[PDB]
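Asks: Next comes protein38.cif, mmCIF, N, CA and C atoms:
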```
data_data
loop_
_atom_site.label_atom_id
_atom_site.label_comp_id
_atom_site.auth_asym_id
_atom_site.auth_seq_id
_atom_site.Cartn_x
_atom_site.Cartn_y
_atom_site.Cartn_z
N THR A 23 75.80 -22.20 44.86
CA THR A 23 75.43 -22.06 43.43
C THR A 23 75.21 -23.43 42.79
N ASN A 24 76.22 -24.28 42.86
CA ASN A 24 76.14 -25.62 42.29
C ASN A 24 75.22 -26.51 43.12
N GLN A 25 74.51 -27.41 42.44
CA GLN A 25 73.60 -28.33 43.11
C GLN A 25 74.34 -29.17 44.14
N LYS A 26 75.52 -29.65 43.77
CA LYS A 26 76.33 -30.47 44.66
C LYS A 26 76.66 -29.71 45.94
N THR A 27 77.22 -28.51 45.79
CA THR A 27 77.57 -27.69 46.93
C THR A 27 76.30 -27.26 47.66
N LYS A 28 75.21 -27.14 46.91
CA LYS A 28 73.93 -26.75 47.49
C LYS A 28 73.47 -27.83 48.46
N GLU A 29 73.69 -29.08 48.09
CA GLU A 29 73.31 -30.21 48.94
C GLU A 29 74.08 -30.15 50.25
N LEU A 30 75.31 -29.65 50.18
CA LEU A 30 76.15 -29.53 51.36
C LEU A 30 75.52 -28.56 52.36
N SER A 31 75.11 -27.40 51.87
CA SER A 31 74.48 -26.39 52.72
C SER A 31 73.26 -26.99 53.42
N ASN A 32 72.65 -27.99 52.79
CA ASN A 32 71.49 -28.65 53.37
C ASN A 32 71.91 -29.43 54.61
N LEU A 33 73.10 -30.03 54.54
CA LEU A 33 73.63 -30.78 55.67
C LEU A 33 74.06 -29.80 56.75
N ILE A 34 74.77 -28.76 56.32
CA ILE A 34 75.23 -27.71 57.22
C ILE A 34 74.03 -27.02 57.85
N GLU A 35 73.03 -26.73 57.03
CA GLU A 35 71.82 -26.07 57.50
C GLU A 35 71.22 -26.85 58.67
N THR A 36 71.36 -28.17 58.62
CA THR A 36 70.86 -29.02 59.69
C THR A 36 71.82 -28.97 60.86
N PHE A 37 73.12 -29.01 60.54
CA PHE A 37 74.15 -28.93 61.56
C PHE A 37 73.98 -27.65 62.36
N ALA A 38 73.70 -26.56 61.65
CA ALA A 38 73.49 -25.27 62.28
C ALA A 38 72.35 -25.38 63.29
N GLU A 39 71.30 -26.10 62.90
CA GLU A 39 70.16 -26.32 63.78
C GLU A 39 70.56 -27.25 64.91
N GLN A 40 71.21 -28.36 64.54
CA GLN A 40 71.67 -29.33 65.52
C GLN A 40 72.60 -28.65 66.52
N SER A 41 73.35 -27.66 66.03
CA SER A 41 74.27 -26.92 66.88
C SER A 41 73.50 -26.23 67.99
N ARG A 42 72.46 -25.50 67.61
CA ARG A 42 71.62 -24.82 68.60
C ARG A 42 70.93 -25.86 69.46
N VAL A 43 70.65 -27.02 68.86
CA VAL A 43 70.01 -28.11 69.57
C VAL A 43 70.91 -28.61 70.68
N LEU A 44 72.16 -28.93 70.34
CA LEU A 44 73.10 -29.41 71.34
C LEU A 44 73.14 -28.42 72.50
N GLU A 45 73.28 -27.14 72.18
CA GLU A 45 73.30 -26.11 73.21
C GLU A 45 71.96 -26.07 73.93
N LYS A 46 70.89 -26.43 73.21
CA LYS A 46 69.55 -26.45 73.79
C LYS A 46 69.43 -27.61 74.78
N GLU A 47 69.76 -28.81 74.32
CA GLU A 47 69.71 -29.99 75.17
C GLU A 47 70.79 -29.90 76.24
N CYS A 48 71.91 -29.28 75.88
CA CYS A 48 73.03 -29.12 76.80
C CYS A 48 72.70 -28.10 77.89
N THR A 49 71.91 -27.09 77.54
CA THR A 49 71.54 -26.06 78.51
C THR A 49 70.63 -26.64 79.59
N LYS A 50 69.83 -27.64 79.22
CA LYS A 50 68.92 -28.26 80.18
C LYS A 50 69.62 -29.36 80.99
N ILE A 51 70.74 -29.87 80.47
CA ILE A 51 71.49 -30.92 81.17
C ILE A 51 71.71 -30.55 82.63
N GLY A 52 71.31 -31.44 83.53
CA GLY A 52 71.47 -31.18 84.95
C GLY A 52 70.67 -29.98 85.41
N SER A 53 69.62 -29.65 84.66
CA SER A 53 68.78 -28.51 85.01
C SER A 53 67.30 -28.83 84.81
N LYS A 54 66.68 -29.41 85.84
CA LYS A 54 65.26 -29.77 85.79
C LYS A 54 64.99 -30.86 84.76
N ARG A 55 65.11 -30.51 83.48
CA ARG A 55 64.87 -31.46 82.40
C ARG A 55 65.87 -32.62 82.45
N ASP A 56 66.94 -32.45 83.22
CA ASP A 56 67.97 -33.49 83.35
C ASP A 56 67.36 -34.88 83.49
N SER A 57 67.37 -35.63 82.39
CA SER A 57 66.81 -36.98 82.38
C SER A 57 67.68 -37.90 81.54
N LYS A 58 67.81 -39.15 81.97
CA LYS A 58 68.61 -40.13 81.25
C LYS A 58 68.24 -40.15 79.77
N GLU A 59 66.95 -40.05 79.50
CA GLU A 59 66.47 -40.05 78.13
C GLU A 59 67.07 -38.88 77.35
N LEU A 60 67.31 -37.77 78.05
CA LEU A 60 67.89 -36.59 77.42
C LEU A 60 69.34 -36.87 77.05
N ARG A 61 70.17 -37.20 78.04
CA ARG A 61 71.57 -37.49 77.78
C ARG A 61 71.70 -38.63 76.78
N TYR A 62 70.74 -39.55 76.81
CA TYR A 62 70.74 -40.66 75.87
C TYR A 62 70.40 -40.14 74.48
N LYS A 63 69.30 -39.40 74.40
CA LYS A 63 68.87 -38.81 73.14
C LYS A 63 69.98 -37.92 72.59
N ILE A 64 70.70 -37.28 73.50
CA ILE A 64 71.79 -36.39 73.13
C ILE A 64 72.95 -37.16 72.50
N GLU A 65 73.46 -38.16 73.21
CA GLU A 65 74.59 -38.95 72.73
C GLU A 65 74.17 -40.04 71.75
N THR A 66 72.92 -40.47 71.83
CA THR A 66 72.43 -41.53 70.96
C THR A 66 71.60 -40.98 69.80
N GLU A 67 71.30 -39.68 69.81
CA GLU A 67 70.51 -39.08 68.73
C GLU A 67 71.07 -37.74 68.27
N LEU A 68 71.37 -36.84 69.21
CA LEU A 68 71.89 -35.52 68.85
C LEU A 68 73.33 -35.61 68.33
N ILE A 69 74.30 -35.54 69.23
CA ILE A 69 75.72 -35.61 68.86
C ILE A 69 75.96 -36.58 67.70
N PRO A 70 75.52 -37.85 67.83
CA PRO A 70 75.70 -38.85 66.78
C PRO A 70 75.22 -38.35 65.43
N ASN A 71 74.13 -37.59 65.44
CA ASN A 71 73.57 -37.03 64.21
C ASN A 71 74.29 -35.75 63.82
N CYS A 72 74.65 -34.94 64.81
CA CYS A 72 75.35 -33.69 64.56
C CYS A 72 76.71 -33.97 63.93
N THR A 73 77.49 -34.82 64.58
CA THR A 73 78.80 -35.18 64.07
C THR A 73 78.66 -35.95 62.77
N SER A 74 77.70 -36.88 62.73
CA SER A 74 77.45 -37.65 61.52
C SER A 74 77.17 -36.68 60.37
N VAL A 75 76.57 -35.55 60.73
CA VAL A 75 76.25 -34.51 59.76
C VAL A 75 77.55 -33.86 59.27
N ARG A 76 78.56 -33.86 60.14
CA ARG A 76 79.87 -33.31 59.79
C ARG A 76 80.51 -34.18 58.72
N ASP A 77 80.67 -35.47 59.04
CA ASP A 77 81.27 -36.42 58.11
C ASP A 77 80.64 -36.27 56.73
N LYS A 78 79.35 -35.96 56.71
CA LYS A 78 78.63 -35.77 55.46
C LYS A 78 79.13 -34.50 54.78
N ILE A 79 79.32 -33.46 55.58
CA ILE A 79 79.81 -32.18 55.07
C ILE A 79 81.28 -32.30 54.70
N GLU A 80 82.06 -32.93 55.58
CA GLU A 80 83.48 -33.12 55.34
C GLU A 80 83.70 -34.06 54.17
N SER A 81 82.78 -35.01 54.00
CA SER A 81 82.87 -35.97 52.90
C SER A 81 82.78 -35.23 51.57
N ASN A 82 81.97 -34.18 51.55
CA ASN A 82 81.79 -33.37 50.36
C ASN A 82 83.00 -32.45 50.15
N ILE A 83 83.94 -32.89 49.31
CA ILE A 83 85.16 -32.13 49.04
C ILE A 83 84.87 -30.65 48.80
N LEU A 84 83.68 -30.35 48.28
CA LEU A 84 83.30 -28.97 48.01
C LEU A 84 83.48 -28.10 49.26
N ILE A 85 83.47 -28.74 50.43
CA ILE A 85 83.64 -28.02 51.68
C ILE A 85 85.06 -27.47 51.78
N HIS A 86 86.01 -28.18 51.18
CA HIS A 86 87.40 -27.76 51.19
C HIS A 86 87.67 -26.80 50.03
N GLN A 87 86.89 -26.93 48.97
CA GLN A 87 87.03 -26.08 47.79
C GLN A 87 86.37 -24.72 48.02
N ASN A 88 85.15 -24.75 48.56
CA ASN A 88 84.41 -23.52 48.83
C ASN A 88 84.88 -22.87 50.13
N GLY A 89 85.62 -21.77 50.00
CA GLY A 89 86.12 -21.08 51.18
C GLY A 89 85.01 -20.67 52.13
N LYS A 90 83.96 -20.07 51.59
CA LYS A 90 82.83 -19.63 52.41
C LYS A 90 82.23 -20.80 53.20
N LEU A 91 81.65 -21.76 52.48
CA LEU A 91 81.05 -22.92 53.12
C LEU A 91 82.03 -23.61 54.05
N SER A 92 83.28 -23.69 53.63
CA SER A 92 84.32 -24.32 54.45
C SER A 92 84.22 -23.83 55.89
N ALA A 93 83.97 -22.53 56.03
CA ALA A 93 83.84 -21.91 57.34
C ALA A 93 82.48 -22.22 57.95
N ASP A 94 81.46 -22.36 57.11
CA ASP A 94 80.11 -22.66 57.57
C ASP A 94 80.13 -23.81 58.58
N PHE A 95 80.39 -25.01 58.09
CA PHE A 95 80.44 -26.19 58.94
C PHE A 95 81.50 -26.04 60.03
N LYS A 96 82.67 -25.52 59.65
CA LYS A 96 83.76 -25.33 60.60
C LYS A 96 83.28 -24.60 61.85
N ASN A 97 82.43 -23.59 61.65
CA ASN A 97 81.90 -22.82 62.76
C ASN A 97 80.91 -23.65 63.57
N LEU A 98 80.14 -24.48 62.87
CA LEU A 98 79.16 -25.34 63.51
C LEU A 98 79.84 -26.44 64.31
N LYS A 99 80.67 -27.23 63.64
CA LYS A 99 81.40 -28.30 64.30
C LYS A 99 82.22 -27.74 65.45
N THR A 100 82.75 -26.53 65.23
CA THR A 100 83.55 -25.86 66.24
C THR A 100 82.68 -25.49 67.44
N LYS A 101 81.60 -24.75 67.18
CA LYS A 101 80.69 -24.35 68.24
C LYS A 101 80.08 -25.58 68.89
N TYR A 102 79.82 -26.60 68.08
CA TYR A 102 79.24 -27.85 68.56
C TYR A 102 80.17 -28.50 69.59
N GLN A 103 81.47 -28.42 69.34
CA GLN A 103 82.45 -29.01 70.25
C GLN A 103 82.36 -28.36 71.62
N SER A 104 82.15 -27.05 71.63
CA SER A 104 82.03 -26.31 72.88
C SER A 104 80.81 -26.77 73.67
N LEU A 105 79.75 -27.09 72.94
CA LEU A 105 78.51 -27.54 73.55
C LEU A 105 78.71 -28.87 74.27
N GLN A 106 79.29 -29.83 73.57
CA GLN A 106 79.54 -31.15 74.15
C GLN A 106 80.38 -31.02 75.41
N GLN A 107 81.37 -30.14 75.37
CA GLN A 107 82.27 -29.92 76.50
C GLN A 107 81.55 -29.24 77.66
N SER A 108 80.84 -28.15 77.38
CA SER A 108 80.12 -27.42 78.41
C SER A 108 79.07 -28.31 79.08
N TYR A 109 78.47 -29.18 78.29
CA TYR A 109 77.44 -30.08 78.78
C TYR A 109 78.06 -31.33 79.42
N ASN A 110 79.05 -31.90 78.75
CA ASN A 110 79.71 -33.10 79.26
C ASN A 110 80.14 -32.89 80.71
N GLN A 111 80.68 -31.71 80.99
CA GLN A 111 81.10 -31.39 82.35
C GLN A 111 79.89 -31.33 83.26
N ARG A 112 78.95 -30.45 82.91
CA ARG A 112 77.72 -30.28 83.68
C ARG A 112 77.08 -31.63 83.97
N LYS A 113 77.07 -32.50 82.97
CA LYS A 113 76.48 -33.82 83.12
C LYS A 113 77.22 -34.62 84.20
N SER A 114 78.50 -34.31 84.38
CA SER A 114 79.32 -34.99 85.38
C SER A 114 79.15 -34.35 86.76
N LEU A 115 78.76 -33.07 86.78
CA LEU A 115 78.56 -32.35 88.03
C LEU A 115 77.10 -32.44 88.48
N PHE A 116 76.20 -32.59 87.52
CA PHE A 116 74.78 -32.67 87.82
C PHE A 116 74.24 -34.09 87.57
N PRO A 117 74.69 -35.07 88.37
CA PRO A 117 74.25 -36.46 88.24
C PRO A 117 72.78 -36.63 88.61
N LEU A 118 72.08 -37.51 87.90
CA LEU A 118 70.67 -37.76 88.16
C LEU A 118 70.50 -38.75 89.31
N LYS A 119 69.46 -38.55 90.10
CA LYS A 119 69.18 -39.43 91.23
C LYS A 119 67.85 -39.08 91.89
#
```
Please lay out the structure from this file as structure tokens.
Replies:
Amino acid sequence: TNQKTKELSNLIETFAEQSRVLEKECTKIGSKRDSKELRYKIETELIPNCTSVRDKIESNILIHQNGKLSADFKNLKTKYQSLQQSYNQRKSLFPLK
């Protein structure tokens, strides 16, 4: 409703996308597309931006005030964590060469 909290959803809205992205880039990790540029883009562009997107959401106290939104990012950062883990492992099992 509020413009301030509205701006938060904009960050979350991206996180939500970045979330699917991580799982997207993570799904290809060690699978054909497996390329240094990918893992690099992932850790140097995706995750860094996804998590950075969190700090932006977490920075907005409205995230702690708004119960609904509070869960929004929480679900993203949460699901995002699973992605990094599922991929981080795969990346260790599917080395490039």
Asks: If you apply the PyMOL selection byres ((chain A and resi 23-30) around 7) to this file, what residues do you get, as a VMD selection string?
Replies: chain A and resid 31 to 35 78 to 79 82 84 to 85
Asks: Just list the residues in chain A DSSP gives helix (DSSP H, G or I) on the backbone, as an MDAnalysis selection string.
Replies: chainID A and resid 25:50 58:81 84:87 89:115
Asks: Determine, counting only C-alpha atoms, which protein, DNA and RNA residues have an atom within 7 Å of an atom of region 89-101 of chain A; residues of the same chain fewer than 3 positions away are not included. Present the result as a CSV table (one decimal) with N, CA and C atoms, in the frame of the given file.
Replies:
```
chain,number,residue,atom,x,y,z
A,34,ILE,N,74.8,-28.8,56.3
A,34,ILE,CA,75.2,-27.7,57.2
A,34,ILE,C,74.0,-27.0,57.8
A,37,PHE,N,73.1,-29.0,60.5
A,37,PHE,CA,74.2,-28.9,61.6
A,37,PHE,C,74.0,-27.6,62.4
A,38,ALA,N,73.7,-26.6,61.6
A,38,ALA,CA,73.5,-25.3,62.3
A,38,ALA,C,72.4,-25.4,63.3
A,41,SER,N,73.4,-27.7,66.0
A,41,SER,CA,74.3,-26.9,66.9
A,41,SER,C,73.5,-26.2,68.0
A,76,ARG,N,78.6,-33.9,60.1
A,76,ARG,CA,79.9,-33.3,59.8
A,76,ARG,C,80.5,-34.2,58.7
A,85,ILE,N,83.5,-28.7,50.4
A,85,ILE,CA,83.6,-28.0,51.7
A,85,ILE,C,85.1,-27.5,51.8
A,86,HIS,N,86.0,-28.2,51.2
A,86,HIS,CA,87.4,-27.8,51.2
A,86,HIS,C,87.7,-26.8,50.0
A,104,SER,N,82.2,-27.0,71.6
A,104,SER,CA,82.0,-26.3,72.9
A,104,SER,C,80.8,-26.8,73.7
A,105,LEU,N,79.8,-27.1,72.9
A,105,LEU,CA,78.5,-27.5,73.6
A,105,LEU,C,78.7,-28.9,74.3
```
Asks: As an exercise, work out the distance from atom N of residue 73 (chain A) to atom N of residue 39 (chain A) in Å and give it to one decimal place.
Replies: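 Interatomic distance, atom N of residue 73 (chain A) to atom N of residue 39 (chain A): 10.8 Å.
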Asks: Apply the PyMOL selection byres (((chain A and resi 116 and name CA) around 8) and name CA) to the structure shown and report the selected residues as a ChimeraX atom specification.
Replies: /A:51-53,112-115,117-118
Asks: Is it possible to get the axis-aligned box enclosing region 26-36 of chain A (all listed atoms, 4 Å extra per side) as AutoDock Vina command-line options, with centre and edge lengths in Å rounded to one decimal?
Replies:
```
--center_x 74.2 --center_y -28.4 --center_z 52.3 --size_x 14.7 --size_y 12.7 --size_z 25.1
```
Asks: For residue 68 (chain A), which residue out of A:54, A:43, A:49, A:88 is the nearest one, using all atoms listed in the file?
Replies: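 When distances to residue 68 (chain A) are compared using all atoms listed in the file, the smallest one comes from A:43.
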Asks: Complete region 45-66 of chain A with N, CA, C and O atoms (output as a PDB file, in the coordinates of the input).
Replies:
```pdb
ATOM      1  N   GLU A  45      73.280 -27.140  72.180  1.00  0.00           N
ATOM      2  CA  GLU A  45      73.300 -26.110  73.210  1.00  0.00           C
ATOM      3  C   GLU A  45      71.960 -26.070  73.930  1.00  0.00           C
ATOM      4  O   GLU A  45      71.885 -25.727  75.107  1.00  0.00           O
ATOM      5  N   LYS A  46      70.890 -26.430  73.210  1.00  0.00           N
ATOM      6  CA  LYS A  46      69.550 -26.450  73.790  1.00  0.00           C
ATOM      7  C   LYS A  46      69.430 -27.610  74.780  1.00  0.00           C
ATOM      8  O   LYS A  46      69.061 -27.422  75.938  1.00  0.00           O
ATOM      9  N   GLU A  47      69.760 -28.810  74.320  1.00  0.00           N
ATOM     10  CA  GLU A  47      69.710 -29.990  75.170  1.00  0.00           C
ATOM     11  C   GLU A  47      70.790 -29.900  76.240  1.00  0.00           C
ATOM     12  O   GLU A  47      70.605 -30.370  77.359  1.00  0.00           O
ATOM     13  N   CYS A  48      71.910 -29.280  75.880  1.00  0.00           N
ATOM     14  CA  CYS A  48      73.030 -29.120  76.800  1.00  0.00           C
ATOM     15  C   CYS A  48      72.700 -28.100  77.890  1.00  0.00           C
ATOM     16  O   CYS A  48      73.166 -28.226  79.021  1.00  0.00           O
ATOM     17  N   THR A  49      71.910 -27.090  77.540  1.00  0.00           N
ATOM     18  CA  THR A  49      71.540 -26.060  78.510  1.00  0.00           C
ATOM     19  C   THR A  49      70.630 -26.640  79.590  1.00  0.00           C
ATOM     20  O   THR A  49      70.643 -26.177  80.726  1.00  0.00           O
ATOM     21  N   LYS A  50      69.830 -27.640  79.220  1.00  0.00           N
ATOM     22  CA  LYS A  50      68.920 -28.260  80.180  1.00  0.00           C
ATOM     23  C   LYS A  50      69.620 -29.360  80.990  1.00  0.00           C
ATOM     24  O   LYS A  50      69.150 -29.734  82.062  1.00  0.00           O
ATOM     25  N   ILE A  51      70.740 -29.870  80.470  1.00  0.00           N
ATOM     26  CA  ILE A  51      71.490 -30.920  81.170  1.00  0.00           C
ATOM     27  C   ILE A  51      71.710 -30.550  82.630  1.00  0.00           C
ATOM     28  O   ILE A  51      72.217 -29.469  82.938  1.00  0.00           O
ATOM     29  N   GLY A  52      71.310 -31.440  83.530  1.00  0.00           N
ATOM     30  CA  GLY A  52      71.470 -31.180  84.950  1.00  0.00           C
ATOM     31  C   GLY A  52      70.670 -29.980  85.410  1.00  0.00           C
ATOM     32  O   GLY A  52      70.993 -29.367  86.424  1.00  0.00           O
ATOM     33  N   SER A  53      69.620 -29.650  84.660  1.00  0.00           N
ATOM     34  CA  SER A  53      68.780 -28.510  85.010  1.00  0.00           C
ATOM     35  C   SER A  53      67.300 -28.830  84.810  1.00  0.00           C
ATOM     36  O   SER A  53      66.727 -28.556  83.754  1.00  0.00           O
ATOM     37  N   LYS A  54      66.680 -29.410  85.840  1.00  0.00           N
ATOM     38  CA  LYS A  54      65.260 -29.770  85.790  1.00  0.00           C
ATOM     39  C   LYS A  54      64.990 -30.860  84.760  1.00  0.00           C
ATOM     40  O   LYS A  54      64.687 -32.000  85.116  1.00  0.00           O
ATOM     41  N   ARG A  55      65.110 -30.510  83.480  1.00  0.00           N
ATOM     42  CA  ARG A  55      64.870 -31.460  82.400  1.00  0.00           C
ATOM     43  C   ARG A  55      65.870 -32.620  82.450  1.00  0.00           C
ATOM     44  O   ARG A  55      65.663 -33.647  81.801  1.00  0.00           O
ATOM     45  N   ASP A  56      66.940 -32.450  83.220  1.00  0.00           N
ATOM     46  CA  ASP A  56      67.970 -33.490  83.350  1.00  0.00           C
ATOM     47  C   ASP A  56      67.360 -34.880  83.490  1.00  0.00           C
ATOM     48  O   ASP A  56      66.886 -35.259  84.560  1.00  0.00           O
ATOM     49  N   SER A  57      67.370 -35.630  82.390  1.00  0.00           N
ATOM     50  CA  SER A  57      66.810 -36.980  82.380  1.00  0.00           C
ATOM     51  C   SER A  57      67.680 -37.900  81.540  1.00  0.00           C
ATOM     52  O   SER A  57      68.209 -37.499  80.504  1.00  0.00           O
ATOM     53  N   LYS A  58      67.810 -39.150  81.970  1.00  0.00           N
ATOM     54  CA  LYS A  58      68.610 -40.130  81.250  1.00  0.00           C
ATOM     55  C   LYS A  58      68.240 -40.150  79.770  1.00  0.00           C
ATOM     56  O   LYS A  58      69.107 -40.253  78.907  1.00  0.00           O
ATOM     57  N   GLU A  59      66.950 -40.050  79.500  1.00  0.00           N
ATOM     58  CA  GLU A  59      66.470 -40.050  78.130  1.00  0.00           C
ATOM     59  C   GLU A  59      67.070 -38.880  77.350  1.00  0.00           C
ATOM     60  O   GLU A  59      67.312 -38.980  76.150  1.00  0.00           O
ATOM     61  N   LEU A  60      67.310 -37.770  78.050  1.00  0.00           N
ATOM     62  CA  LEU A  60      67.890 -36.590  77.420  1.00  0.00           C
ATOM     63  C   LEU A  60      69.340 -36.870  77.050  1.00  0.00           C
ATOM     64  O   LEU A  60      69.715 -36.792  75.875  1.00  0.00           O
ATOM     65  N   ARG A  61      70.170 -37.200  78.040  1.00  0.00           N
ATOM     66  CA  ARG A  61      71.570 -37.490  77.780  1.00  0.00           C
ATOM     67  C   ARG A  61      71.700 -38.630  76.780  1.00  0.00           C
ATOM     68  O   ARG A  61      72.622 -38.651  75.967  1.00  0.00           O
ATOM     69  N   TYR A  62      70.740 -39.550  76.810  1.00  0.00           N
ATOM     70  CA  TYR A  62      70.740 -40.660  75.870  1.00  0.00           C
ATOM     71  C   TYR A  62      70.400 -40.140  74.480  1.00  0.00           C
ATOM     72  O   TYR A  62      71.126 -40.363  73.526  1.00  0.00           O
ATOM     73  N   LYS A  63      69.300 -39.400  74.400  1.00  0.00           N
ATOM     74  CA  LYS A  63      68.870 -38.810  73.140  1.00  0.00           C
ATOM     75  C   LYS A  63      69.980 -37.920  72.590  1.00  0.00           C
ATOM     76  O   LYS A  63      70.175 -37.812  71.383  1.00  0.00           O
ATOM     77  N   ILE A  64      70.700 -37.280  73.500  1.00  0.00           N
ATOM     78  CA  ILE A  64      71.790 -36.390  73.130  1.00  0.00           C
ATOM     79  C   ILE A  64      72.950 -37.160  72.500  1.00  0.00           C
ATOM     80  O   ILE A  64      73.399 -36.826  71.402  1.00  0.00           O
ATOM     81  N   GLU A  65      73.460 -38.160  73.210  1.00  0.00           N
ATOM     82  CA  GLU A  65      74.590 -38.950  72.730  1.00  0.00           C
ATOM     83  C   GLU A  65      74.170 -40.040  71.750  1.00  0.00           C
ATOM     84  O   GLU A  65      74.981 -40.497  70.946  1.00  0.00           O
ATOM     85  N   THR A  66      72.920 -40.470  71.830  1.00  0.00           N
ATOM     86  CA  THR A  66      72.430 -41.530  70.960  1.00  0.00           C
ATOM     87  C   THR A  66      71.600 -40.980  69.800  1.00  0.00           C
ATOM     88  O   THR A  66      71.235 -41.726  68.894  1.00  0.00           O
TER      89      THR A  66
END
```
